[PDB]
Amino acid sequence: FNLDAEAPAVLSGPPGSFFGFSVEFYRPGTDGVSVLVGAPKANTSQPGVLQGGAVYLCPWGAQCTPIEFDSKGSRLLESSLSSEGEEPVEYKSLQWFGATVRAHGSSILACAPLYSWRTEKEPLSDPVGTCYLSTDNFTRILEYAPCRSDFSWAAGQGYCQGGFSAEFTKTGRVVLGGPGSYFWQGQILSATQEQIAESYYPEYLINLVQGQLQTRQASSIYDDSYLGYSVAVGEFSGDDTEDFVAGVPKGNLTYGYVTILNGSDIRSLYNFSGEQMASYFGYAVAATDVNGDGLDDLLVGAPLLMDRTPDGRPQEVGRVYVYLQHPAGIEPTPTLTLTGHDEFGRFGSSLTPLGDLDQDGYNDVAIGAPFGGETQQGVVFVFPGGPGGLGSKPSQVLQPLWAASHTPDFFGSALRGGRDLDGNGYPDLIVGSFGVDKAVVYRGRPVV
């Protein structure tokens, strides 16, 4: 309730670039505090690349300029230079670079989940996906494509789309979700920044990272599960190594489920199942302590959840589930459920920790409903944490102050909070609105 909603800061990008599809805080120290915005449809100065996508750096102080991860066009096949006509070995056009943007310390991870390549054998069109990792404040740039392996095509990791979802741990470990691996069984892959740089050799296209953790191929009964559709991190195993939370929205007869994996050996620890078929339970996941007991609690979104009005009419509203952790573990059934009230509102499409917004000792949460509102522009709900868990009523409701237009705004489809952008002691919030190519920054004012 202490976010400055009457006058937020609006960042604007190029038209049609989907500027705001992904948002993130960047701070190599404190002096260079900045906002990162992904624009997956942005045109770039890369030669021969159409709408390669871009990431914009927006320093906070007094605007936005694109970061140059890769200035090169699509590389050429080795043996094509023998034949009559050079041909690309990869396809960076329409790769959606910047679909996911995450940062940890002076490192920035930007992913292109629709990046595809030919392979150097039989011609394919494998969307293996790729990520670029900047380190030490843009002094070294690395490419990281863990799914670009010996095992090609849908049967292997050819359609992995690695980087479709991503996140950093507290130690800076990279965690990637690739929902397309092994006939869309899905896959989690992870490697330390040291491990990635140690085996980085751009002359060879295939990934050779040693010590890399990754989930294993299962039987065909698990196909089309989209494991790794969304990802988050949090401690759930009782040690000091953050664990991996992964959404599996089409698992178990498309009732969907969320899984927690051991950050040490990626082995499965817990499962949480949805309550309705094709509700997309696991569309979005988050981990944060919402009741100040020191144990990270789980939040899951199911934006297609369909309930009935009192007069008997069905309606798509969406629903969020909260699982409170306790010293013995976690219960499979939710402690609390939050239900949207806007038809086709898609409540629970995005979730982000807010830290402690009002400094009352309990961390708070923001939940997006990209198509909520009286004009379907989108809405963001702030829910207060407390000793009994998250509150069932919002403490604040954020909406765009600009008028609706010919196209949806998608306001609230991308969220990021839990960090202090201006150093006033109160955490702040970034809201994406890529439909109109805008990102909004809400600041926490000291209030009562």
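Quick note: we count residues from 1 along the sequence shown, nothing fancier.
Novice: Enter the number of deposited residues without atomic coordinates between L81 and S82, binned as none, 1 to 3, 4 to 9, or 10 or more.
Specialist: Just 1 to 3 residues are missing between them.
Novice: Checking chain continuity here. Are there deposited residues lacking coordinates between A62 and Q63, and if so is it 1 to 3, 4 to 9, or 10 or more (or none)?
Specialist: Count of unmodelled residues in between: 1 to 3.
Novice: Would you tell me which stretch averages the higher CA B-factor in the PDB entry, 272-280 or 72-80?
Specialist: For C-alpha atoms only, the mean B-factor is higher in 72-80.
Novice: In the PDB record, does 203-211 or 102-110 carry the higher mean Cα temperature factor?
Specialist: That would be 203-211.
Novice: Per the entry, which of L94, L351, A328, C131 tops the list for Cα B factor?
Specialist: If I rank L94, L351, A328, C131 by C-alpha B-factor, first place goes to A328.
Novice: Between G345, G162, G228, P123, let me know which has the highest C-alpha B-factor in the entry?
Specialist: The C-alpha B-factor peaks, among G345, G162, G228, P123, at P123.
Novice: Considering only modelled residues of the same chain, in which third does the CA B-factor of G294 rank: lowest, middle or highest?
Specialist: According to the entry, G294 has a C-alpha B-factor in the chain's middle third.
Novice: When the modelled residues of the chain are sorted by Cα temperature factor, does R319 land in the lowest, middle or highest third?
Specialist: It belongs to the lowest third of the chain when residues are ordered by C-alpha B-factor.
Novice: Going by the CA temperature factor in the PDB record, which third of the chain does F19 belong to: lowest, middle or highest?
Specialist: Bottom third by C-alpha B-factor.
Novice: By the record's CA B-factor, is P88 among the lowest, middle or highest third of residues in the chain?
Specialist: Highest third.
Novice: In terms of the CA temperature factor given in the entry, to which third of its chain does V285 belong: lowest, middle or highest?
Specialist: For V285, whose C-alpha B-factor we compare with every modelled residue in the chain, the answer is the lowest third.
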